[PDB]
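Just below is one structure, and these are the notes that go with it.
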Amino acid sequence: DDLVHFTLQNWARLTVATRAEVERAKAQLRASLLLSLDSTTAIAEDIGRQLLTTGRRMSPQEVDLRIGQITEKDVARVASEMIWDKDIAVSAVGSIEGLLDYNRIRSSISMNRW
Amino acid sequence: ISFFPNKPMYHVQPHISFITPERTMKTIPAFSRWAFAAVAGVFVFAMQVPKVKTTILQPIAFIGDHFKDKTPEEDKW
Amino acid sequence: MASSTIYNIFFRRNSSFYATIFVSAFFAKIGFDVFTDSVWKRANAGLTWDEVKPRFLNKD
Amino acid sequence: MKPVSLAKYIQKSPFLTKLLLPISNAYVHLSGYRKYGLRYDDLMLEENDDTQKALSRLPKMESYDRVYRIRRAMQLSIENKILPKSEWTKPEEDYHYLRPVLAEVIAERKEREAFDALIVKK
Amino acid sequence: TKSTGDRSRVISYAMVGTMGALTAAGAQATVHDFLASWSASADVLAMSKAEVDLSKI
Amino acid sequence: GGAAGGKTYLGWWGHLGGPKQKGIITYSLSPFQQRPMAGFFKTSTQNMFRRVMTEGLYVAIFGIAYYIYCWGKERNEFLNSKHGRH
Amino acid sequence: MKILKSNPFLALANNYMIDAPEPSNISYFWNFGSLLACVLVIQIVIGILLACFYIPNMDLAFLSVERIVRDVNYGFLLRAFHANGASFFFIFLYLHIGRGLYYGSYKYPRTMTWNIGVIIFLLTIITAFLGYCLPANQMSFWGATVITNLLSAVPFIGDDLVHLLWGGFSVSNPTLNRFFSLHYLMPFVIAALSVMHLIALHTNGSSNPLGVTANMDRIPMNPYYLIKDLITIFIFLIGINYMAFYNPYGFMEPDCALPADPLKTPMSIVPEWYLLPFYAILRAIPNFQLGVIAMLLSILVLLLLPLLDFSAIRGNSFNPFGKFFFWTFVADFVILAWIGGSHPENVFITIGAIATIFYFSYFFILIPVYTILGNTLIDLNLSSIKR
Amino acid sequence: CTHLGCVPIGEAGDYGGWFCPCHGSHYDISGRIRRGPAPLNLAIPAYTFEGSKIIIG
Ligand SMILES: CCCCCCCCCCCCCCCC(=O)OC[C@H](COP(=O)([O-])OCC[N+](C)(C)C)OC(=O)CCCCCCCCCCCCCCC
Ligand SMILES: CCCCCCCCCCCCCCCC(=O)OC[C@H](COP(=O)(O)OCCN)OC(=O)CCCCCCCCCCCCCCC
Ligand SMILES: CCCCCCCCCCCCCCCC(=O)OC[C@H](COP(=O)(O)OCCN)OC(=O)CCCCCCCCCCCCCCC
Ligand SMILES: CCCCCCCCCCCCCCCC(=O)OC[C@H](COP(=O)(O)OCCN)OC(=O)CCCCCCCCCCCCCCC
Ligand SMILES: CCCCCCCCCCCCCCCC(=O)OC[C@H](COP(=O)(O)OCCN)OC(=O)CCCCCCCCCCCCCCC
Ligand code: HEM
Ligand code: HEM
Ligand code: FES
């Protein structure tokens with residue numbers, strides 16, 4: 001229960017995210033997006049998926065431009081319109097006797113101090 | 001002369017314990033709203049007090065009619 | 001407008017929730033007082049000291 | 001928060017140090033923790049995270065000696081007595097065996113105390 | 001149910017808001033009406049006035 | 001059983017939270033074998049003499065308080081007299 | 001597993017009274033809490049017994065007290081024990097606070113215990129006033145009239161609060177009824193707050209005169225500290241029985257054996273002795289609102305102590321400046337009490353003003369300065385020993 | 001007494017008023033302090049005449 005509460009609290013905290021966290025995450029995502037394609041199979045799979053879903057393979061310049069536009073206020077808006085006090089779907093397997101019921105779990109996704 | 005010289009865009013601001021001006025500026029609306037709520041609660045919990053009734057509630061128009069006494073010549077002995 | 005604006009205004013943060021609760025309570029007290037005053041005044045016709053005054057003392 | 005002793009400021013001027021040395025000697029004699037054989041560093045509080053972490057980074061022999069010193073001091077304090085004039089703590093053995101470790105721990109904690117406050121000046 | 005979540009959430013919160021308003025009004029009323037007993041009783045308020053004959057001195 | 005509490009500094013017997021001990025030997029004697037009130041007057045007298053000698057001046061200098069009390073009382077009595085109003 | 005560690009209630013008793021690790025070198029100044037508990041129990045029992053013969057009204061309280069004294073079986077014991085125990089309560093309270101202040105027990109991790117104790121002290125002071133105002137003698141009437149008038153210092157609703165508390169326009173039957181009703185309830189709240197005090201203390205244990213950690217050496221409370229408190233209990237009994245059986249009206253002023261005449265103003269309107277220093281602090285300042293503000297602050301300043309001690313050491317055992325300044329402050333407190341007790345004459349005004357200035361300076365200026373100086377001197381001497 | 005709340009005596013004192021023997025402050029027939037360390041005059045409560053009687057307070 002402590003783990004679930006802290007996880008959902010950190011989820012809800014994104015409504016007031018700072019500016020250094022956003023920049024660090026942007027740099028990490030920009031690095032990790034094009035760093036997982038080493039073998040030819042991975043590159044071919046990425047090309048196939050990207051062309052299948054959207055319809056074009058975005059150039060790295062376009063990806064850099066789209067990532068650059070992100071600011072902290074956009075993160076706050078998205079977290080407020082998607083995460084802040086919204087329905088969740090859970091699924092547990094194993095020894096879950098200590099996992100509390102649904103309402104208590106959901107109550108932690110919206111902080112009451114604000 | 002820079003934290004992380006390779007990235008001079010960063011800086012360190014004064015702080016006591018996770019208390020920074022950037023975070024301080026964010027919590028001001030919450031403090032203002034809480035103060036307004038507390039003031040409204042204190043107001044609503046004390047509105048039959050004679051001094052408050054005769055000083056604050058009575059002079060306001062369209063509300064003072066209800067908050068005024070309606071005792072004719074039959075009054076205090 | 002729709003229904004999301006209502007949630008955005010009062011039911012978004014607890015601070016903007018308690019204030020709405022208190023203001024609504026303050027108005028509801030006055031409303032209920034007016035209602036009960038009107039109903040009690042309508043209930044008793046010709047049965048209170050103010051409406052039996054002229055019969056007794058106005059004749060002296 | 002925490003002690004704010006300003007001996008470093010005084011030590012800049014040798015005039016003040018030379019003038020104040022006898023007063024400091026008399027004050028340390030007057031405090032009288034040496035009569036129980038204790039070192040000055042056994043009297044600092046250990047109830048926070050920093051000191052509890054620092055006490056775990058001490059050499060084993062130092063920890064055992066500190067345990068013995070504190071036990072002997074408590075046993076002396078039980079029956080209201082002091083050590084004889086020959087077993088008092090000499091100035092040679094009254095050194096700082098805890099300050100560097102605590103300073104290192106505080107520096108590590110202070111190090112982290114900056115990344116979270118980081119802002120982008122653009 | 002057949003609806004969007006915001007409508008259901010607003011409907012759920014409105015009942016709690018009405019609950020809080022009515023409870024606060026009742027609590028204020030009972031608190032004032034029970035602490036008004038400590039005020040000056042109607043018996044003492046009758047003896048506050050004093051009457052003296054002006055021509056008897 | 002009940003719950004995992006906060007961070008404290010006492011524990012209980014066994015896990016008292018102290019540091020690891022080594023090479024400590026402790027002796028004692030049964031209370032029914034030792035003679036009570038043995039070495040009492042000598043030790044008590046020596047300890048009292050030492051305590052009076054060392055922490056005496058920290059208390060003795062209640063010294064100026066009595067003097068200011070006496071001076072204030074005497075001056076207040078003097079000023080409330082025939083010659084004090086001259 | 002033994003029964004005492006298995007059954008719930010017996011486990012509750014055992015964890016606090018029988019098996020509880022304690023420092024092995026705590027002096028005789030650590031017994032005052034048990035004395036406080038015994039005195040509180042005695043007060044509760046004696047008050048319950050006394051409430052069976054007291055009629056709370058203007059025209060019957062004094063006669064009821066006299067009938068208790070000279071007509072009820074062994075009533076003099078009841079009244080004398082109540083009064084003398086109420087007097088001893090404040091002596092033991094002051095000794096407890098002095099013990100907590102001298103050894104630096106307000107520092108972490110025992111701040112919550114300190115705050116709870118301060119709240120208990122305030123509640124006890126409030127309870128004492130209502131208790132002494134009941135007999136409706138001369139000093140009770142006039143002191144209540146003076147003190148309850150201090151509520152007019154608040155801005156807005158000034159005299160309205162005074163009228164509400166008085167239940168009329170002057171001290172009469174309703175205010176005595178209110179005071180008797182309230183004097184019965186407060187001791188139970190005090191007992192509950194004492195239980196909270198103990199449960200907050202028990203999580204970390206008591207300190208020791210040395211000021212170092214006592215986790216290395218501990219002994220159980222059952223055989224050792226249950227017999228070290230008996231001496232103090234018997235000494236307190238021998239102290240209180242002499243007062244009850246040879247000088248019952250010891251701390252009692254001559255003006256406390258007369259009916260409350262609302263027309264003859266006494267020469268001096270003073271409260272009981274244990275509240276004298278705060279009265280002196282209140283009377284020192286010529287202003288009115290400043291007087292009550294300072295009177296409140298004189299007791300509320302004990303909450304600012306933890307954030308005012310810049311000392312690496314915890315206590316005054318190894319603090320040469322602290323030992324001097326503590327006794328200086330105690331002497332100043334005694335001087336304040338003496339000044340408050342006496343008349344507001346010419347020189348006494350100056351003496352009281354100076355004493356109040358020193359009292360408020362000790363908590364705000366002296367402590368940080370001398371703690372910093374001691375730290376600096378010790379650090380400098382230690383640093384300048386190898387070379 | 002506005003001085004220290006003592007009971008003076010009417011007509012006592014050469015000013016034909018109230019004289020306070022606690023400290024020696026005299027008043028006049030109009031209740032105005034003129035001799036003694038008394039700081040202020042004497043207060044009058046509100047009233048309103050009716051018939052031949054009077055109501056005080
Ligand atoms: C009137 C006010 C005082 C009234 C009396 C006040 C005192 C009341 C008794 C003292 C408090 C109760 C005892 C608490 C400790 C206890 O539980 O002792 C019970 C013992 C066995 O306890 P044990 O040591 O833990 O062993 C059992 C462990 N197993 C095997 C279960 C794992 O078993 C025994 O050997 C003794 C069992 C007796 C149980 C109590 C009986 C009630 C008292 C009867 C009256 C006694 C005579 C009184 C004369 C004055
Ligand atoms: C003693 C009482 C006397 C006065 C009675 C009037 C009280 C007015 C209360 C107003 C209605 C409650 C609105 C809160 C709704 C809410 O916010 O519910 C939210 C919380 C938790 O749900 P959640 O966050 O997990 O939801 C998750 C959403 N996704 O539920 C509660 O905490 C219930 C609290 C109700 C009030 C307590 C009643 C029980 C006390 C009496 C029983 C014990 C008696 C002890 C002796 C006195
Ligand atoms: C602190 C002491 C509390 C002790 C506990 C007593 C038992 C509590 C039971 C509460 C039931 C209502 C009592 C009647 C009071 C009264 O008088 O209702 C009379 C009042 C009239 O008010 P008026 O004369 O000002 O109208 C002025 C006309 N010009 O009608 C109302 O406003 C209706 C309000 C609703 C009634 C209460 C609704 C339930 C409240 C639950 C929360 C209770 C909180 C309790 C806090 C301790
Ligand atoms: C700067 C402070 C400003 C705050 C002003 C608002 C304060 C009120 C807050 C809530 C109190 C509710 C009490 C209910 C009324 C009552 O208990 O009794 C109401 C009484 C009797 O009314 P009645 O019989 O004459 O009429 C009956 C009508 N049918 O009225 C009064 O005696 C007026 C005086 C009461 C004032 C209450 C004071 C409560 C403590 C306030 C402490 C302030 C400390 C400030 C420190 C700087
Ligand atoms: C004012 C009234 C107080 C009570 C009156 C005196 C009571 C009788 C005392 C005379 C005989 C004592 C027993 C001798 C030793 C023994 O025989 O047993 C020894 C036991 C320990 O057990 P042990 O197994 O280690 O013993 C060794 C092997 N059998 O120590 C005791 O029990 C001490 C008894 C004292 C009773 C408590 C006194 C302290 C009260 C603290 C108050 C706390 C707050 C209370 C709030 C209400
Ligand atoms: C900490 C608890 C208490 C304190 C400090 C205290 C204090 C006092 C004081 C100082 C007096 C004045 C007595 C006098 O001047 O002669 C008094 C009187 C009185 N008390 Fe208490 N008391 C306490 C507990 C109780 C309790 C619990 C009750 C009732 C259950 C009670 C009932 C009375 C009564 C009836 C009187 C009037 C009798 C008299 O004055 O002789 N008291 N109290
Ligand atoms: C009815 C009143 C009180 C009761 C029953 C009570 C109970 C106790 C007891 C039994 C102790 C253990 C003895 C000790 O450590 O000294 C204690 C400790 C303590 N008390 Fe009290 N006390 C009371 C009043 C107060 C007051 C008025 C204060 C402060 C203003 C206070 C502050 C403390 C502190 C700080 C400790 C811890 C001391 C330490 O651990 O060294 N207490 N209390
Ligand atoms: S008190 Fe009456 S004139 Fe001085």
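The chains in the structure tokens are called A, B, ... from first to last as shown; in each chain the residues are counted from 1, and the ligands are counted from 1 in the order shown.
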Review point. Skipping near chain neighbours, those fewer than 5 positions away, what residues fall within 10 Å of range 75-87 of chain D using only C-alpha atoms, listed as a list in words?
Key: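 Counting only C-alpha atoms, the residues come to residues 33, 34, 35, 36, 37, 69 and 70 of chain D; 43, 44, 46, 47, 48, 50 and 51 of chain F; 24, 25, 26, 27, 208, 209, 210 and 217 of chain G.
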Please produce a file of the residues just selected, as a PDB file, in the first residue's frame, where the atoms kept are C-alpha atoms.
```pdb
ATOM      1  CA  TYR D  33      35.038  16.510  30.919  1.00  0.00           C
ATOM      2  CA  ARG D  34      38.641  15.284  31.141  1.00  0.00           C
ATOM      3  CA  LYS D  35      38.046  14.350  34.790  1.00  0.00           C
ATOM      4  CA  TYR D  36      35.864  11.515  33.469  1.00  0.00           C
ATOM      5  CA  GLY D  37      38.435  10.569  30.814  1.00  0.00           C
ATOM      6  CA  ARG D  69      35.174   5.363  27.432  1.00  0.00           C
ATOM      7  CA  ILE D  70      31.426   5.982  27.608  1.00  0.00           C
TER       8      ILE D  70
ATOM      9  CA  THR F  43      32.597   8.524  50.371  1.00  0.00           C
ATOM     10  CA  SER F  44      29.639  10.844  50.984  1.00  0.00           C
ATOM     11  CA  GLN F  46      34.499  13.354  50.269  1.00  0.00           C
ATOM     12  CA  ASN F  47      31.981  13.799  47.446  1.00  0.00           C
ATOM     13  CA  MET F  48      30.158  16.595  49.278  1.00  0.00           C
ATOM     14  CA  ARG F  50      34.498  18.133  46.373  1.00  0.00           C
ATOM     15  CA  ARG F  51      31.092  19.320  45.126  1.00  0.00           C
TER      16      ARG F  51
ATOM     17  CA  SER G  24      21.587   3.742  34.811  1.00  0.00           C
ATOM     18  CA  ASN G  25      22.923   7.023  36.247  1.00  0.00           C
ATOM     19  CA  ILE G  26      19.909   9.322  36.571  1.00  0.00           C
ATOM     20  CA  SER G  27      20.164  11.407  39.739  1.00  0.00           C
ATOM     21  CA  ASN G 208      21.091  11.323  31.832  1.00  0.00           C
ATOM     22  CA  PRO G 209      23.177  13.989  33.606  1.00  0.00           C
ATOM     23  CA  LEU G 210      26.225  13.257  31.430  1.00  0.00           C
ATOM     24  CA  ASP G 217      24.124   0.605  29.732  1.00  0.00           C
TER      25      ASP G 217
END
```
Review point. Got a sec to check which residues lie within 12 Å of ligand 3, using only C-alpha atoms and all ligand atoms, and send them as a ChimeraX atom specification?
Key: /B:45-50,66-70 /C:25-26,28-38,40 /E:19-38
Practice item. Go through the chains and note each residue within 9 Å of ligand 5, using only C-alpha atoms and all ligand atoms, then give the set as number ranges by chain. Key: G: 17-18, 33-38, 40-41, 222-230, 233-234, 237
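Residue list for chain G within 10 Å of chain B: residues 156, 157 and 160 of chain G, counting only C-alpha atoms.
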Within 12 Å of chain G, which residues of chain H come that close, and what is the closest atom pair and distance in Å for each? Count only C-alpha atoms and give it as JSON lines.
```
{"residue": "H:1", "atom": "CA", "partner": "G:265", "partner_atom": "CA", "distance": 10.4}
{"residue": "H:4", "atom": "CA", "partner": "G:265", "partner_atom": "CA", "distance": 9.0}
{"residue": "H:5", "atom": "CA", "partner": "G:265", "partner_atom": "CA", "distance": 6.9}
{"residue": "H:6", "atom": "CA", "partner": "G:265", "partner_atom": "CA", "distance": 6.4}
{"residue": "H:7", "atom": "CA", "partner": "G:264", "partner_atom": "CA", "distance": 7.5}
{"residue": "H:8", "atom": "CA", "partner": "G:264", "partner_atom": "CA", "distance": 11.2}
{"residue": "H:22", "atom": "CA", "partner": "G:267", "partner_atom": "CA", "distance": 9.1}
{"residue": "H:23", "atom": "CA", "partner": "G:267", "partner_atom": "CA", "distance": 11.6}
{"residue": "H:57", "atom": "CA", "partner": "G:169", "partner_atom": "CA", "distance": 11.2}
```
Print the selection's residues with N, CA, C and O atoms to a file, as a PDB file, in the first residue's frame.
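Written file, result-v9.pdb:
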```
ATOM      1  N   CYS H   1     -13.403  55.831  43.131  1.00  0.00           N
ATOM      2  CA  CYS H   1     -12.219  56.662  42.966  1.00  0.00           C
ATOM      3  C   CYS H   1     -11.469  56.263  41.703  1.00  0.00           C
ATOM      4  O   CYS H   1     -11.056  55.110  41.549  1.00  0.00           O
ATOM      5  N   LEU H   4      -7.330  55.283  43.106  1.00  0.00           N
ATOM      6  CA  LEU H   4      -7.089  53.866  43.372  1.00  0.00           C
ATOM      7  C   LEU H   4      -8.345  53.135  43.843  1.00  0.00           C
ATOM      8  O   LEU H   4      -8.230  52.116  44.536  1.00  0.00           O
ATOM      9  N   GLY H   5      -9.532  53.615  43.487  1.00  0.00           N
ATOM     10  CA  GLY H   5     -10.761  52.930  43.860  1.00  0.00           C
ATOM     11  C   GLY H   5     -11.067  52.896  45.342  1.00  0.00           C
ATOM     12  O   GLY H   5     -11.518  51.862  45.853  1.00  0.00           O
ATOM     13  N   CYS H   6     -10.838  53.999  46.047  1.00  0.00           N
ATOM     14  CA  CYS H   6     -11.217  54.119  47.445  1.00  0.00           C
ATOM     15  C   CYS H   6     -12.600  54.756  47.564  1.00  0.00           C
ATOM     16  O   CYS H   6     -13.180  55.236  46.588  1.00  0.00           O
ATOM     17  N   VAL H   7     -13.131  54.753  48.784  1.00  0.00           N
ATOM     18  CA  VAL H   7     -14.437  55.337  49.076  1.00  0.00           C
ATOM     19  C   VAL H   7     -14.203  56.708  49.707  1.00  0.00           C
ATOM     20  O   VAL H   7     -13.740  56.775  50.858  1.00  0.00           O
ATOM     21  N   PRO H   8     -14.499  57.807  49.014  1.00  0.00           N
ATOM     22  CA  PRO H   8     -14.397  59.126  49.650  1.00  0.00           C
ATOM     23  C   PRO H   8     -15.594  59.413  50.541  1.00  0.00           C
ATOM     24  O   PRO H   8     -16.467  58.556  50.712  1.00  0.00           O
ATOM     25  N   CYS H  22      -7.470  57.759  51.746  1.00  0.00           N
ATOM     26  CA  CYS H  22      -6.424  56.783  51.464  1.00  0.00           C
ATOM     27  C   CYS H  22      -5.122  57.478  51.089  1.00  0.00           C
ATOM     28  O   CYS H  22      -4.036  57.037  51.484  1.00  0.00           O
ATOM     29  N   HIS H  23      -5.211  58.567  50.324  1.00  0.00           N
ATOM     30  CA  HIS H  23      -4.039  59.331  49.925  1.00  0.00           C
ATOM     31  C   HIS H  23      -4.198  60.836  50.084  1.00  0.00           C
ATOM     32  O   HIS H  23      -3.196  61.553  49.987  1.00  0.00           O
ATOM     33  N   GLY H  57     -28.609  53.526  34.304  1.00  0.00           N
ATOM     34  CA  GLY H  57     -28.057  52.417  33.548  1.00  0.00           C
ATOM     35  C   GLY H  57     -28.800  52.146  32.256  1.00  0.00           C
ATOM     36  O   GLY H  57     -29.717  52.881  31.888  1.00  0.00           O
TER      37      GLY H  57
END
```
Practice item. Residues of chain E no more than 10 Å from chain A, counting only C-alpha atoms: send them over as a ChimeraX atom specification. Key: /E:5-6,9
Just-selected residues, N, CA and C atoms written as a short mmCIF file (atom, residue, chain, number, x, y, z; two decimals), in the first residue's frame:
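result_7.cif was written with the following content:
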```cif
data_model
loop_
_atom_site.label_atom_id
_atom_site.label_comp_id
_atom_site.auth_asym_id
_atom_site.auth_seq_id
_atom_site.Cartn_x
_atom_site.Cartn_y
_atom_site.Cartn_z
N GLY E 5 -16.91 10.79 -18.39
CA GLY E 5 -16.55 10.74 -16.98
C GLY E 5 -16.78 12.03 -16.22
N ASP E 6 -16.59 13.17 -16.88
CA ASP E 6 -16.70 14.45 -16.19
C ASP E 6 -18.10 14.67 -15.64
N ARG E 9 -18.49 12.52 -12.51
CA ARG E 9 -17.71 13.07 -11.40
C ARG E 9 -18.36 14.32 -10.82
#
```
Point to revise | Residues within 6 Å of ligand 1, counting only C-alpha atoms and all ligand atoms, as a list in words | key: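 Based on only C-alpha atoms and all ligand atoms, ligand 1 is surrounded within 6 Å by residues 1, 2 and 3 of chain G.
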Give me, as a PDB file with C-alpha atoms, in the first residue's frame, the residues of chain H that a backbone DSSP run labels strand (DSSP E).
```
ATOM      1  CA  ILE H   9     -16.759  61.040  51.952  1.00  0.00           C
ATOM      2  CA  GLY H  10     -19.308  63.481  50.585  1.00  0.00           C
ATOM      3  CA  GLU H  11     -19.142  67.116  51.717  1.00  0.00           C
ATOM      4  CA  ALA H  12     -15.739  66.258  53.217  1.00  0.00           C
ATOM      5  CA  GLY H  16     -17.365  70.848  49.496  1.00  0.00           C
ATOM      6  CA  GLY H  17     -17.063  67.536  47.675  1.00  0.00           C
ATOM      7  CA  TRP H  18     -15.530  64.090  48.148  1.00  0.00           C
ATOM      8  CA  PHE H  19     -12.249  63.613  50.022  1.00  0.00           C
ATOM      9  CA  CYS H  20     -10.307  60.360  49.714  1.00  0.00           C
ATOM     10  CA  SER H  25      -7.382  63.748  47.331  1.00  0.00           C
ATOM     11  CA  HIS H  26     -10.402  66.048  47.579  1.00  0.00           C
ATOM     12  CA  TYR H  27     -13.183  66.717  45.078  1.00  0.00           C
ATOM     13  CA  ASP H  28     -15.741  69.496  44.685  1.00  0.00           C
ATOM     14  CA  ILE H  33     -10.625  66.700  40.872  1.00  0.00           C
ATOM     15  CA  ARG H  34      -8.600  69.728  41.976  1.00  0.00           C
ATOM     16  CA  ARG H  35      -6.272  68.550  44.783  1.00  0.00           C
ATOM     17  CA  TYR H  47     -30.014  58.091  32.282  1.00  0.00           C
ATOM     18  CA  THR H  48     -33.293  59.657  31.165  1.00  0.00           C
ATOM     19  CA  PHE H  49     -35.784  61.463  33.387  1.00  0.00           C
ATOM     20  CA  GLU H  50     -39.360  60.221  33.680  1.00  0.00           C
ATOM     21  CA  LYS H  53     -38.323  59.150  39.360  1.00  0.00           C
ATOM     22  CA  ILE H  54     -35.139  58.237  37.472  1.00  0.00           C
ATOM     23  CA  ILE H  55     -33.657  55.154  35.804  1.00  0.00           C
ATOM     24  CA  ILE H  56     -29.898  54.576  36.068  1.00  0.00           C
TER      25      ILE H  56
END
```
Check your understanding: Leaving out residue 110 in chain A and any residue of its chain fewer than 3 positions from it, which residues lie within 7 Å of it when counting only C-alpha atoms, given as a PyMOL selection string?
Key -> chain A and resi 12+84-85+107
**Study point:** Secondary structure check, alpha helix (DSSP H) residues of range 51-109 of chain A, as number ranges by chain
**Key:** A: 51-53, 60-68, 72-82, 102-107
Please write the residues from the selection above to a file, keeping N, CA and C atoms, as a short mmCIF file (atom, residue, chain, number, x, y, z; two decimals), in the first residue's frame.
```
data_model
loop_
_atom_site.label_atom_id
_atom_site.label_comp_id
_atom_site.auth_asym_id
_atom_site.auth_seq_id
_atom_site.Cartn_x
_atom_site.Cartn_y
_atom_site.Cartn_z
N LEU A 51 6.50 3.19 -40.52
CA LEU A 51 5.72 3.37 -41.74
C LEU A 51 4.33 2.76 -41.62
N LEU A 52 4.18 1.68 -40.85
CA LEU A 52 2.89 1.03 -40.72
C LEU A 52 1.90 1.89 -39.94
N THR A 53 2.33 2.40 -38.78
CA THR A 53 1.39 3.09 -37.90
C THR A 53 1.03 4.47 -38.45
N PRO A 60 15.42 12.53 -38.02
CA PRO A 60 15.87 12.96 -36.69
C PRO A 60 15.75 14.46 -36.46
N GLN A 61 15.83 15.27 -37.52
CA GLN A 61 15.62 16.71 -37.38
C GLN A 61 14.20 16.99 -36.90
N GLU A 62 13.21 16.31 -37.48
CA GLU A 62 11.83 16.50 -37.06
C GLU A 62 11.62 16.06 -35.61
N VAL A 63 12.23 14.94 -35.22
CA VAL A 63 12.11 14.48 -33.84
C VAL A 63 12.73 15.49 -32.88
N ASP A 64 13.90 16.03 -33.23
CA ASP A 64 14.54 17.03 -32.39
C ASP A 64 13.68 18.28 -32.27
N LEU A 65 13.08 18.72 -33.38
CA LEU A 65 12.23 19.90 -33.35
C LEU A 65 11.00 19.66 -32.48
N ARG A 66 10.38 18.48 -32.60
CA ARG A 66 9.18 18.19 -31.81
C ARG A 66 9.50 18.09 -30.33
N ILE A 67 10.65 17.49 -29.99
CA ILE A 67 11.04 17.40 -28.59
C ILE A 67 11.39 18.77 -28.03
N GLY A 68 12.03 19.62 -28.85
CA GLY A 68 12.44 20.93 -28.38
C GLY A 68 11.28 21.82 -27.96
N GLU A 72 7.64 23.09 -19.53
CA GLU A 72 7.06 22.57 -18.29
C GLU A 72 5.55 22.79 -18.24
N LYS A 73 5.05 23.87 -18.86
CA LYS A 73 3.62 24.14 -18.81
C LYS A 73 2.83 23.13 -19.63
N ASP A 74 3.38 22.66 -20.75
CA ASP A 74 2.72 21.60 -21.50
C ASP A 74 2.64 20.32 -20.69
N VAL A 75 3.71 19.99 -19.96
CA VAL A 75 3.70 18.82 -19.09
C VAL A 75 2.64 18.97 -18.01
N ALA A 76 2.55 20.16 -17.41
CA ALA A 76 1.54 20.41 -16.39
C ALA A 76 0.13 20.26 -16.95
N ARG A 77 -0.11 20.82 -18.15
CA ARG A 77 -1.43 20.72 -18.76
C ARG A 77 -1.80 19.27 -19.05
N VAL A 78 -0.86 18.50 -19.60
CA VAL A 78 -1.16 17.11 -19.94
C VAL A 78 -1.40 16.29 -18.68
N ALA A 79 -0.58 16.51 -17.65
CA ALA A 79 -0.77 15.78 -16.40
C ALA A 79 -2.08 16.16 -15.72
N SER A 80 -2.52 17.41 -15.87
CA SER A 80 -3.80 17.81 -15.29
C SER A 80 -4.98 17.27 -16.07
N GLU A 81 -4.85 17.12 -17.39
CA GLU A 81 -5.96 16.64 -18.20
C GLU A 81 -5.97 15.13 -18.38
N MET A 82 -4.94 14.42 -17.92
CA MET A 82 -4.89 12.97 -18.09
C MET A 82 -4.71 12.20 -16.79
N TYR A 102 -10.04 -0.99 -4.27
CA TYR A 102 -9.95 -0.08 -5.41
C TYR A 102 -10.05 1.38 -4.98
N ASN A 103 -11.02 1.71 -4.11
CA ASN A 103 -11.24 3.11 -3.75
C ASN A 103 -10.04 3.71 -3.04
N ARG A 104 -9.44 2.96 -2.11
CA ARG A 104 -8.26 3.46 -1.41
C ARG A 104 -7.09 3.65 -2.36
N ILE A 105 -6.95 2.76 -3.34
CA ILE A 105 -5.91 2.92 -4.35
C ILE A 105 -6.14 4.19 -5.15
N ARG A 106 -7.37 4.39 -5.62
CA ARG A 106 -7.67 5.54 -6.46
C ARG A 106 -7.53 6.86 -5.70
N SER A 107 -7.81 6.86 -4.39
CA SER A 107 -7.76 8.09 -3.62
C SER A 107 -6.37 8.73 -3.60
#
```
Check your understanding: Residues at most 8 Å from ligand 6, using only C-alpha atoms and all ligand atoms? Could they come as a PyMOL selection string?
Key -> chain G and resi 40+43-54+65+68+79-80+82-83+85-87+89+124-125+127-135+180+183-188+190
**Study point:** Near-ligand residues for ligand 7, threshold 7 Å, only C-alpha atoms and all ligand atoms, as a PyMOL selection string
**Key:** chain G and resi 29-34+36-37+40+93+96-97+99-100+105-106+110+113-114+117-118+120-121+190-191+194+197-198+201+205-208
Practice item. Tell me which protein, DNA and RNA residues are within 9 Å of residue 20 in chain C, counting only C-alpha atoms, leaving out same-chain ones fewer than 5 positions away, and put them as a list in words. Key: residues 37 of chain B; 10, 11, 15 and 25 of chain C; 17 and 21 of chain E
Exercise for review: Select all residues from chain D having any atom no more than 9 Å from an atom of chain F (counting only C-alpha atoms, ignoring ligands), output as a list in words.
Suggested key: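 Result: residues 47, 55, 56, 63, 64, 67, 68, 80 and 81 of chain D.
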